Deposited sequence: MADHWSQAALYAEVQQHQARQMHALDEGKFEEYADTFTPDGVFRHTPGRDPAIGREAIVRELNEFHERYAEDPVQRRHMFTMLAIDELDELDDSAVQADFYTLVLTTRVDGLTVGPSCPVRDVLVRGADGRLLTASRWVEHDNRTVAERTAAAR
């Protein structure tokens, strides 16, 4: 179980390196072909890689000379073939005028193993602490 814990962290790190450098297709390829990505509460999830890549192009043309970073911490995993991962995300956004911190986001991932033994994300369910607090 220790080895899976490190494997999930490695997989999440690679995922986010690709996302934050704008490689939206590489990011979608770390999801399963039917992968669910609910990135913002209220909005319906993107489902499948094509919908994921499209929803990231929407979100990023919508607000774009910017460098975002997603910092994951506080990972807890739980278990036939699938694993649930609960963790914290902190979003950072660097502009020429400075660095905006937030939001803070609890996230639940579900991972499965592919045919080649590599992990893939079946689902990612993001909450937003700012939006949770309003309600």
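K.L.:
Can you list the gaps, numbered from 1 on the deposited sequence, where no C-alpha is modelled?
P.N.:
Several stretches lack coordinates - namely 1-6, 71-72, 88-92, 149-154, in sequence order.
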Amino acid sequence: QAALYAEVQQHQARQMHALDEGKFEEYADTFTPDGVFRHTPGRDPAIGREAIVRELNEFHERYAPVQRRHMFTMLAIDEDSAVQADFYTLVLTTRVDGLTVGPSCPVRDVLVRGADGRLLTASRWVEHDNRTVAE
From here on, numbers count along this sequence of modelled residues.
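K.L.:
What stretch has the higher average Cα B-factor here, 2-10 or 126-134?
P.N.:
Averaging CA B-factors over each stretch, the winner is 126-134.
K.L.:
Return whichever of 49-57 and 27-35 has the greater mean Cα B factor according to the PDB record.
P.N.:
On average, C-alpha B-factors are higher across 49-57.
K.L.:
With respect to the C-alpha temperature factors reported in the PDB entry, which of 94, 73, 40, 104 ranks highest?
P.N.:
Highest C-alpha B-factor among the listed residues goes to 40.
K.L.:
Using the B-factor values recorded in the entry, state whether the Cα atom of residue 67 falls in the lowest, middle or highest third among the modelled residues of its chain.
P.N.:
Middle third of the chain for residue 67's C-alpha B-factor.
K.L.:
Select lowest, middle or highest to describe the third in which the CA B-factor of residue 81 falls within its chain in this entry.
P.N.:
It belongs to the highest third of the chain when residues are ordered by C-alpha B-factor.
K.L.:
Could you place residue 16 in the lowest, middle or highest third of its chain by Cα temperature factor, using the values in the record?
P.N.:
As the PDB entry reports it, the C-alpha B-factor of residue 16 lands in the lowest third of its chain.
K.L.:
Which third, lowest, middle or highest, does the C-alpha temperature factor of residue 115 belong to within its own chain?
P.N.:
Ranked within chain, residue 115 CA B lands in the highest tercile.
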